[PDB]
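One structure below.
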Amino acid sequence: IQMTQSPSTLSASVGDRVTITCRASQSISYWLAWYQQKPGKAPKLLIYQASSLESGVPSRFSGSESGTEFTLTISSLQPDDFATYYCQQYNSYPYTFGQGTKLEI
Amino acid sequence: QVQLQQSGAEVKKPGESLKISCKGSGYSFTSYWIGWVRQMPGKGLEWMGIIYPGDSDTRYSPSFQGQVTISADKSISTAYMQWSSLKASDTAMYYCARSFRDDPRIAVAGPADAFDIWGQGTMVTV
Amino acid sequence: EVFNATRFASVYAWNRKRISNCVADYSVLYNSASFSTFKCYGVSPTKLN
Amino acid sequence: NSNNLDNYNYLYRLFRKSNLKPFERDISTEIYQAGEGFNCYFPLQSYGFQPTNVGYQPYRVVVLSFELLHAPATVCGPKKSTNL
Ligand SMILES: *[C@@H]1O[C@H](CO)[C@@H](O)[C@H](O)[C@H]1NC(C)=O
């Protein structure tokens with residue numbers, strides 16, 4: 001299953017509400033996970049089962065789901081939000097990840 | 001302190017036998033699920049193969065039958081991955097994972113998730 | 001001769017002993033320390049009596 | 001049939017003092033019968049459903065408790081009214 005992420009580069013300024021699209025192919029309704037990774041660090045859980053917030057991350061981050069379509073939406077951007085995010089479905093084996101996006105100035 | 005001690009970096013030649021280290025400490029190892037995800041360096045990720053270290057129940061993906069053989073001795077409580085013939089296609093940064101529990105963590109804690117906490121990471125250049 | 005028994009048999013020589021007119025004291029087995037494991041399937045271990 | 005819709009995250013009680021009253025909601029996570037942190041441990045048991053796993057397959061059941069108490073009606077059926 002191929003996971004598409006858009007856009008590859010998302011130029012945003014401080015406070016800009018930006019959204020990225022993470023679309024799936026078939027029914028993974030219940031179990032879907034999201035992760036955040038810093039340069040040279042291990043990916044940390046963001047949202048598990050596509051509807052629950054994981055501990056350790058500021059509550060400003062939020063993930064949305066709509067059937068087979070899923071969107072990571074940051075409503076109130078922070079100056080430290082410029083990073084890369086990935087996807088993961090865990091409803092059906094095997095588990096596949098997303099592509100990722102780099103944020104430039 | 002729930003921790004999973006990963007081993008260090010390595011540079012080898014194909015064909016050799018290898019054993020890496022994933023030492024879980026500061027939690028209940030027999031109660032947690034153990035998920036597996038491998039990360040190629042600079043690109044996407046692929047499930048290399050999963051085992052149930054509770055009873056060494058081997059369940060590998062069809063595309064990864066026999067390529068990696070994971071083990072875990074409960075004596076020292078460290079998870080090993082074995083190789084019988086190193087391949088250039090598997091040079092990457094490996095991440096062995098425990099299970100995260102959010103709903104009644106003490107109920108069973110098994111088959112819950114596949115990302116709880118990782119050590120410094122064993123970048124296994126196979 | 002079965003609960004506090006001394007000697008037992010092998011796996012392939014399992015013989016049936018039809019004992020009659022018995023009194024099933026199960027509290028000793030339920031609280032036994034000489035027996036390390038008491039894993040019970042068919043009914044509840046507390047209502048064995 | 002929730003087999004396609006709805007994995008070890010479902011618990012059910014095995015040991016308790018007695019049966020619960022109709023629609024009772026009791027929650028406790030310790031104090032097994034015989035064998036606090038001893039062999040006696042968590043009393044509920046996780047169901048054996050798994051994404052890799054007929055009667056042993058996961059289902060889901062819901063109940064619509066209809067209360068016929070004499071009270072001002074709030075939830076009514078799709079019946080079209082007429083002039084009296
Ligand atoms: C079986 O032996 C134990 C150990 O001596 C003893 O405590 C127990 O009472 C015995 N069983 C019965 C039924 O007396």
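Letters A, B, ... mark the chains of the structure tokens in the order given; residue numbers begin at 1 per chain; ligand numbers begin at 1, in order shown.
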(Q) Give me, as a PyMOL selection string, the set of residues whose atoms come within 12 Å of any atom of ligand 1, counting only C-alpha atoms and all ligand atoms. (A) chain C and resi 1-6+23-35
Residue subset to file, keeping C-alpha atoms, as a PDB file, in the first residue's frame:
ATOM      1  CA  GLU C   1      -2.816 -41.757  47.507  1.00  0.00           C
ATOM      2  CA  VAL C   2      -3.350 -39.224  44.696  1.00  0.00           C
ATOM      3  CA  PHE C   3      -3.239 -35.745  46.258  1.00  0.00           C
ATOM      4  CA  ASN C   4      -0.513 -36.310  48.880  1.00  0.00           C
ATOM      5  CA  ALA C   5       0.838 -39.287  46.914  1.00  0.00           C
ATOM      6  CA  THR C   6       4.523 -40.194  46.813  1.00  0.00           C
ATOM      7  CA  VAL C  23     -14.745 -36.951  49.830  1.00  0.00           C
ATOM      8  CA  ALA C  24     -13.082 -34.295  47.668  1.00  0.00           C
ATOM      9  CA  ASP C  25     -11.055 -32.036  49.978  1.00  0.00           C
ATOM     10  CA  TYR C  26      -9.794 -29.387  47.559  1.00  0.00           C
ATOM     11  CA  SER C  27      -8.755 -26.640  49.997  1.00  0.00           C
ATOM     12  CA  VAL C  28      -5.417 -28.367  50.612  1.00  0.00           C
ATOM     13  CA  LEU C  29      -4.680 -28.410  46.875  1.00  0.00           C
ATOM     14  CA  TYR C  30      -5.938 -24.842  46.456  1.00  0.00           C
ATOM     15  CA  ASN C  31      -3.604 -23.579  49.190  1.00  0.00           C
ATOM     16  CA  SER C  32      -0.795 -26.112  48.700  1.00  0.00           C
ATOM     17  CA  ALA C  33       2.744 -24.728  48.805  1.00  0.00           C
ATOM     18  CA  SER C  34       4.393 -28.026  47.809  1.00  0.00           C
ATOM     19  CA  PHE C  35       2.659 -27.658  44.425  1.00  0.00           C
TER      20      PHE C  35
END
Q: Pick out the chain D residues within 10 Å of chain C. Count only C-alpha atoms. Give them as a VMD selection string.
A: chain D and resid 14 to 15 33 to 35
Please determine the contact residues of chain B with respect to chain D at a cut-off of 9 Å, counting only C-alpha atoms, and supply them as a PDB file with N, CA and C atoms, in the first residue's frame.
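New file part_31.pdb:
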ATOM      1  N   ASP B 103      -4.628   2.016  27.351  1.00  0.00           N
ATOM      2  CA  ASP B 103      -5.891   1.648  27.980  1.00  0.00           C
ATOM      3  C   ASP B 103      -5.639   0.479  28.917  1.00  0.00           C
ATOM      4  N   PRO B 104      -5.644   0.754  30.220  1.00  0.00           N
ATOM      5  CA  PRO B 104      -5.352  -0.243  31.250  1.00  0.00           C
ATOM      6  C   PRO B 104      -4.002  -0.910  30.985  1.00  0.00           C
ATOM      7  N   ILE B 106      -1.804  -2.017  32.817  1.00  0.00           N
ATOM      8  CA  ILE B 106      -1.474  -3.181  33.630  1.00  0.00           C
ATOM      9  C   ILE B 106      -2.406  -4.357  33.378  1.00  0.00           C
ATOM     10  N   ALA B 107      -3.426  -4.188  32.536  1.00  0.00           N
ATOM     11  CA  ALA B 107      -4.374  -5.263  32.270  1.00  0.00           C
ATOM     12  C   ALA B 107      -3.694  -6.462  31.625  1.00  0.00           C
ATOM     13  N   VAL B 108      -3.198  -6.279  30.403  1.00  0.00           N
ATOM     14  CA  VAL B 108      -2.445  -7.330  29.728  1.00  0.00           C
ATOM     15  C   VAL B 108      -1.138  -6.784  29.171  1.00  0.00           C
ATOM     16  N   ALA B 109      -1.182  -5.558  28.639  1.00  0.00           N
ATOM     17  CA  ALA B 109      -0.025  -4.856  28.091  1.00  0.00           C
ATOM     18  C   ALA B 109       0.552  -5.565  26.871  1.00  0.00           C
ATOM     19  N   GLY B 110      -0.099  -6.638  26.424  1.00  0.00           N
ATOM     20  CA  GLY B 110       0.386  -7.404  25.288  1.00  0.00           C
ATOM     21  C   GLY B 110      -0.470  -7.083  24.075  1.00  0.00           C
ATOM     22  N   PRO B 111       0.159  -7.158  22.901  1.00  0.00           N
ATOM     23  CA  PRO B 111      -0.473  -6.816  21.626  1.00  0.00           C
ATOM     24  C   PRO B 111      -1.127  -5.439  21.667  1.00  0.00           C
ATOM     25  N   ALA B 112      -0.414  -4.441  22.192  1.00  0.00           N
ATOM     26  CA  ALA B 112      -0.993  -3.111  22.340  1.00  0.00           C
ATOM     27  C   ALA B 112      -0.503  -2.143  21.271  1.00  0.00           C
TER      28      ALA B 112
END
Residues within 12 Å of residue 55 of chain B, please, as a tab-separated table (two decimals) with N, CA, C and O atoms, in the first residue's frame. Count only C-alpha atoms; anything in the same chain fewer than 4 positions from it doesn't count.
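Below is the file that was written, part_28.tsv:
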chain	number	residue	atom	x	y	z
B	30	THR	N	8.08	-9.54	29.65
B	30	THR	CA	7.21	-10.65	29.28
B	30	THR	C	5.76	-10.19	29.10
B	30	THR	O	4.93	-10.94	28.58
B	31	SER	N	5.45	-8.96	29.52
B	31	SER	CA	4.07	-8.50	29.45
B	31	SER	C	3.85	-7.60	28.24
B	31	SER	O	2.71	-7.34	27.85
B	33	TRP	N	4.18	-6.42	24.19
B	33	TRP	CA	4.37	-6.86	22.82
B	33	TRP	C	5.67	-6.27	22.27
B	33	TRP	O	6.15	-5.24	22.74
B	34	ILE	N	6.24	-6.94	21.27
B	34	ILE	CA	7.48	-6.50	20.64
B	34	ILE	C	7.20	-6.35	19.15
B	34	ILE	O	7.08	-7.34	18.42
B	51	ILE	N	9.01	-11.22	15.65
B	51	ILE	CA	8.96	-12.43	16.45
B	51	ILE	C	8.21	-12.12	17.74
B	51	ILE	O	8.13	-10.96	18.17
B	59	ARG	N	7.24	-15.16	13.09
B	59	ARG	CA	6.26	-14.81	12.07
B	59	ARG	C	6.83	-13.69	11.21
B	59	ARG	O	6.68	-12.51	11.53
B	70	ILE	N	15.35	-13.27	14.71
B	70	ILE	CA	15.41	-12.54	15.98
B	70	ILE	C	15.37	-13.54	17.13
B	70	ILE	O	14.71	-14.58	17.04
B	71	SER	N	16.10	-13.23	18.20
B	71	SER	CA	16.07	-14.02	19.42
B	71	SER	C	16.12	-13.09	20.62
B	71	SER	O	16.46	-11.91	20.50
B	72	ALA	N	15.77	-13.63	21.79
B	72	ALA	CA	15.79	-12.87	23.03
B	72	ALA	C	15.90	-13.82	24.21
B	72	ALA	O	14.99	-14.61	24.46
B	73	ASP	N	17.02	-13.73	24.93
B	73	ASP	CA	17.25	-14.54	26.12
B	73	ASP	C	16.76	-13.77	27.34
B	73	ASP	O	17.22	-12.65	27.60
B	74	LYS	N	15.82	-14.36	28.08
B	74	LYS	CA	15.22	-13.67	29.22
B	74	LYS	C	16.19	-13.58	30.39
B	74	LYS	O	15.92	-12.88	31.37
Q: Mind listing the strand (DSSP E or B) residues of chain A, per DSSP on the backbone, as a PyMOL selection string?
A: chain A and resi 4-6+9+18-23+32-37+44-48+52-53+61-66+69-74+84-89+97+102
